[PDB]
Amino acid sequence: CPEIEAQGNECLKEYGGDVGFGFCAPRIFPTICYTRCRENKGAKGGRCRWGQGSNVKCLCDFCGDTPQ
């Protein structure tokens with residue numbers, strides 16, 4: 310069988326199609342990835358991709374940090 314080797318040292322998951330940079334960026338705090346990531350629930354932190362509108366996706370992985 311093959312080897313679906315995915316992520317060797319990432320610990321990040323993808324999810325979202327309207328929570329790109331628009332959410333991130335130390336300028337505004339629309340907390341979009343917050344409400345969007347909320348849907349996924351299980352998720353401490355994550356990452357934000359460039360994009361903006363529907364280019365990239367929002368990353369949310371239980372990794373992030375300590376989920377309280």
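For the sequence shown, the numbering used here gives the first residue as 310, with consecutive numbering after it.
The C-beta atom is built at its ideal place from N, Cα and C for all residues, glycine as well.
Residue from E314, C320, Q316, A315 whose Cα sits closest to the Cα of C372
Closest by alpha carbon: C320.
Would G360 pass as a contact of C342 if the rule is Cβ separation under 8 Å?
Going by C-beta atoms, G360 is not nearer than 8 Å to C342.
Rounded straight-line distance, which links the Cα of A334 to that of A315
Roughly 27 Å between the two C-alpha positions.
For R347 and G317, what's the separation of their Cα atoms in angstroms?
Going by the C-alpha atoms only, they are around 26 Å apart.
Starting from the C-beta of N364, find all residues in its chain whose C-beta is less than 7 Å away, skip the five residues before and the five after it, and write them out in chain order.
The residues are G329.
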